[PDB]
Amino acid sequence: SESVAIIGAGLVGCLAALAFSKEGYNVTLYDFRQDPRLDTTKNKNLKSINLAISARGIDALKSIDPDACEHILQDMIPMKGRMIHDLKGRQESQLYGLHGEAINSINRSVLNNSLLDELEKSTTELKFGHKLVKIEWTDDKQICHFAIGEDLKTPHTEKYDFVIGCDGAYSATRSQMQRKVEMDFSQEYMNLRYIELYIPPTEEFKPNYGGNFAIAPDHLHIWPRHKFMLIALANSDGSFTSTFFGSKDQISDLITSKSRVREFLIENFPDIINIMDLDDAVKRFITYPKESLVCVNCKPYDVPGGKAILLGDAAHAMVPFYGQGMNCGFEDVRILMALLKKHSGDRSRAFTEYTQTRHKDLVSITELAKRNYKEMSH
């Protein structure tokens, strides 16, 4: 009957809620955003249209609800390797070897909404429009303060036995913990910026691709260039979500004129005009929201009395593409629930061991992602 407040309803917070729901906790899930499932919610906070979910990501979901997981991952698209497109438009297929991990394309909106639908079926209370503003820590029940609704009111308070921060890279929960526990902490803002482009489905079925795909759906497509990159991952309807990645200065330098963007696109990626509308590409490029990307590390991840813990981007936000934040966050949840099961529900011991065993793995995954990016960008 122990109570837990889970701060943040992104991918990792929903998975965590589903996790704790099923173990028999009374879960309340909070997020300052409105419900993304609602027609009236205009900003769905989707950092990307699709994602590469790996074997670890998949397993973690499977270990929490195999029956729903089957239907949740129904329309994912398995990848067999990477397809490299050189400057001349030549394509080379590079299949996934004995060091590389296999991945699947899945739609972000569909995953996150489907998790919310499983939560709706569970005992979990969903509280949208609730912004965590403060935690009062005690040796029994932590006091959470929220503000509600626009000119944010005051959801008075509620008390919970413990708190899980899944509140993203800018975690309010994390700051509150820092006032209670000496936390080693770093934040590094990357030079990276990304822009989403669109490759439409073909008009006709393409028998050799098994759908209306302009290029091969079973490859992650990559156009590697000097300090920048284009990628494309298939969507269910035959389209591809394409993403351009480079330094902010390069991008800021390009978007000063539409013809400069266009010529840049034609000169690099010449095989893209056969499958993409250049004018729509130029407009997307110039107007796609500029988003800061921060990388963080924490130690420890927990407040000592088993009172709180940080999972997902709140704990270890990393470089996109070179790192896999969602997969790592899913793995976070799987690892924590096994530790709770192992210690018969003893939070104090479980959270403590999580920090002792997880930190070294995460320092490594996140440093490797930083290093792989650093090398590309220099």
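Throughout, we count residues from 1 along the sequence that is shown. Between two forms, the rigid core is defined as the largest C-alpha subset superposing within 1.5 Å.
**Q** When the other structures are laid on this one by the rigid core, do the CA atoms of 288-296 or of 226-234 sit farther away in 5 other deposited structures of this protein?
**A** After superposing on the rigid core, the more displaced stretch in 5 other deposited structures of this protein is 288-296.
**Q** So if we fit everything on the core, which stretch drifts more in 5 other deposited structures of this protein, 155-163 or 201-209, C-alphas only?
**A** With the rigid core fitted, 155-163 is the stretch that strays more in 5 other deposited structures of this protein.
**Q** Look at the other compared PDB entries that model both sides of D277, then say whether a third or more of them leave it out.
**A** Modelled in all the others, so no.
**Q** Quick check on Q324: across the other compared entries (only those modelling residues on both sides), is it unmodelled in a third or more?
**A** No, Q324 is modelled in every other compared entry.
**Q** Output the stretch having the higher mean C-alpha B factor in the entry; the candidates are 238-246 and 263-271.
**A** Taking the mean B-factor of the alpha carbons in each, 263-271 is higher.
**Q** Mean CA B-factor: is it higher for 63-71 or for 38-46?
**A** Looking at the record's C-alpha B-factors, the answer is 63-71.
**Q** Could you tell me which one of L152, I215, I222, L132 shows the highest CA temperature factor in the PDB record?
**A** Comparing C-alpha B-factors across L152, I215, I222, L132, the maximum falls on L152.
**Q** Mind checking which third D277 falls in for C-alpha B-factor across the chain?
**A** For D277, the deposited C-alpha B-factor lands in the highest third.
**Q** Lowest, middle or highest third: where is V333 by C-alpha B factor in its chain?
**A** Its C-alpha B-factor belongs to the middle third of this chain's values.
**Q** Determine, from the deposited record, the chain-internal third of the Cα B-factor for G325: lowest, middle or highest.
**A** Bottom third by C-alpha B-factor.
**Q** Comparing against every modelled residue in the chain, figure out the third that the C-alpha B-factor of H145 lands in (lowest, middle or highest).
**A** CA B-factor rank for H145: middle third.
**Q** Place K299 in the lowest, middle or highest third of its chain's C-alpha B-factors, as listed in the PDB entry.
**A** Lowest third.
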